[PDB]
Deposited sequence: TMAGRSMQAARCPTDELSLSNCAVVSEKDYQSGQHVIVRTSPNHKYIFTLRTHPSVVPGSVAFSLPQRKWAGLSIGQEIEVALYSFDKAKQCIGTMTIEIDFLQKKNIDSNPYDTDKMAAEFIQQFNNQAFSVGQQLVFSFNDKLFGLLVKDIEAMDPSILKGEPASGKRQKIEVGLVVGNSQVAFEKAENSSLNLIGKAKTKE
């Protein structure tokens, strides 16, 4: 009893990509459900869903970052099944994220408070699934940043591949090599 066959589609809008959710039709799923997307015998990527009116029923919309991360191409047939988080080990305890300005062009020398970023990160991504290596778009203080999940650990009653962000998940940031990003605060690696 595998998942259903669907097609990868492009993201309806740029703003939507800030969600880092796989976007779907309300006819197929409801927001908040999680899915495991099988692209081949070598990969099963986990996404958290969010509905949008423009998504064609039978398709799943992905932003550019997600398509790169998941090695997806528009039109591609994918196998999709509901994924359930139901074990303590799956909740994220700590997670390390590599950050940098999205547009290598726009780069300010202003100092950014990581503790503030960590709090907002937890706020907008609460109950969403993340995996080591995943690339995301993060909107902070009206600026766009690129994020790379470097590590994830569960709460010791350690290392996990994928996990659910919860209210007490700890996020530590660190700029990418050669980054002109000045990070301040205690939410730094």
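Which residue ranges of the deposited sequence are not present in the modelled coordinates?
Model skips 1, 159-170, 203-204 of the deposited chain.
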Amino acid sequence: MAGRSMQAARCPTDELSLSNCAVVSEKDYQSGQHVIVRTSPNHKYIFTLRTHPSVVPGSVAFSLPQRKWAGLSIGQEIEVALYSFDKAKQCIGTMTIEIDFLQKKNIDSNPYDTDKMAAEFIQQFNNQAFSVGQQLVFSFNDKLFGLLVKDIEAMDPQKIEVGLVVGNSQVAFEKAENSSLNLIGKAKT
From here on, numbers count along this sequence of modelled residues.
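Give the stretch, out of 122-130 and 148-156, with the larger mean C-alpha temperature factor in the deposited entry.
Mean C-alpha B-factor is greater for 148-156.
Going by the B-factors listed in the PDB entry, is the mean over the C-alpha atoms higher for 76-84 or for 93-101?
On average, C-alpha B-factors are higher across 93-101.
Take the CA temperature factors straight from the PDB entry and tell me which of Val171, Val24, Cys11, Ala176 peaks.
Of the options given, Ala176 has the highest CA B-factor in the PDB entry.
Ranked by Cα temperature factor within the chain, is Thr189 in the lowest third, the middle third or the highest third?
Ranked within chain, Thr189 CA B lands in the highest tercile.
Once the chain's modelled residues are ordered by C-alpha B factor and cut into thirds, is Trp69 in the lowest, middle or highest one?
Middle third, going by the recorded CA B-factors of the chain.
Could you place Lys143 in the lowest, middle or highest third of its chain by Cα temperature factor, using the values in the record?
Its C-alpha B-factor belongs to the highest third of this chain's values.
Give the position of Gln7 by CA B-factor within its chain, expressed as the lowest, middle or highest third.
Bottom third by C-alpha B-factor.
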